[PDB]
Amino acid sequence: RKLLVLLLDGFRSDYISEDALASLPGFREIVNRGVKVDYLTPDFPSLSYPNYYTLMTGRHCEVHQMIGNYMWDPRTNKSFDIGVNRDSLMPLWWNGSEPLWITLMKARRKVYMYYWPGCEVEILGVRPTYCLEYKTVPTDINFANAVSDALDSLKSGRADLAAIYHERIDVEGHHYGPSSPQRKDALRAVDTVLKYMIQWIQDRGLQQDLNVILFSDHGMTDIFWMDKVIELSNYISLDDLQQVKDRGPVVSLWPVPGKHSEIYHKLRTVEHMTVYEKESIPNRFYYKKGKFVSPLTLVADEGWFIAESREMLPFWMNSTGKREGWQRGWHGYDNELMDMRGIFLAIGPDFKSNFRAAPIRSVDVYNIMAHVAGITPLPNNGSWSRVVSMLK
């Protein structure tokens, strides 16, 4: 039957703990009438673009190839800069595996996507039926309207799958911290939309024709500027680097020829991070085989933040003029950290009700989505055994 998928960026698993659900009527109703996993473990790195593609392919990042929010290809000398630069639209970055919406389009199913990062790309020669492109952070009004519009498109048969992306829980987790009232306010707004979404589904006659799946790409943890900042320019010269990508927990480095060993050994001494040669990256990350993975990768300890320098931190615009706001939450760290856990819930004719499911991994979600959408999944890294018991 029809499928509505909701991606809630940055939604940490314990945001809907038992204690939290006592004041979250929308999620409480989904929990009471559907499926909730204890938590969703993301892929490494626990960043957006990697986990977006893990969720929609069922494959680890070393397979689908989207291994960072920021990536560089030495062959073409082109960059993927968290989807902003025009070259992010190159199928080079996206053709490493076929995501579910492309498979559905090629099976002549109709797909509507709202603000979903990636829907604006021609992937493997294909695009979804409809894409409302992500431009800025969507507002809570944008979210409520997309949910209503998606239900209309599913009811009218213009869409078989509708997929909606919402960012603001991530933004407030970053700007104010995961335990902040600002983050809780953004969650409350989503909870209220979901409460009425349930009413809209019933009221428009879709309750028996529609499953709804909700998940997140990763959780969120506290960071501690300026004490817990690692300034790379205190240890190595940028002149010894061909390229550097990203700041924060996971940083990709490409040394100039002849400086690989020196950069490696110099950064090996730095406390509160780990530097890995590509061949020595922990196998459990299912990351090291990706073609875009850099010769050296830095992984910060939880709560620490790697940057070129303090003055080069990603300050945010909390005021009119220059960006001076400190970030208070972040993610990207070791994907087995409790704070990096995300969520998965489901409700509808094909899911059990009031069912607490064991924790699953980001790679497990694709098989579920494909099953209830009625399409054969492409071979992937999900475990059917880890998810099968939530289905009716």
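Throughout, we count residues from 1 along the sequence that is shown.
- Of the two segments, 311-319 and 278-286, the one listed with the higher mean B-factor is 311-319 (C-alpha atoms only).
- Taking the mean C-alpha B-factor of each stretch as recorded, 163-171 and 191-199 are not equal, and the higher mean is that of 191-199.
- Taking only the listed residues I213, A300, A107, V111, the entry reports the highest CA temperature factor at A107.
- Looking at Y333, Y49, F355, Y366, the one whose CA carries the top B-factor in the deposited record is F355.
- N380: CA B factor lies in the middle third for its chain, per the PDB record.
- Annotation for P349: CA B-factor lies in the highest third of the chain's modelled residues.
- Split the chain's modelled residues into thirds by C-alpha temperature factor. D9 is in the lowest one.
- The deposited CA B-factor of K184 belongs to the middle third of values across its chain.
- Ranked by Cα temperature factor within the chain, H265 sits in the highest third according to the deposited record.
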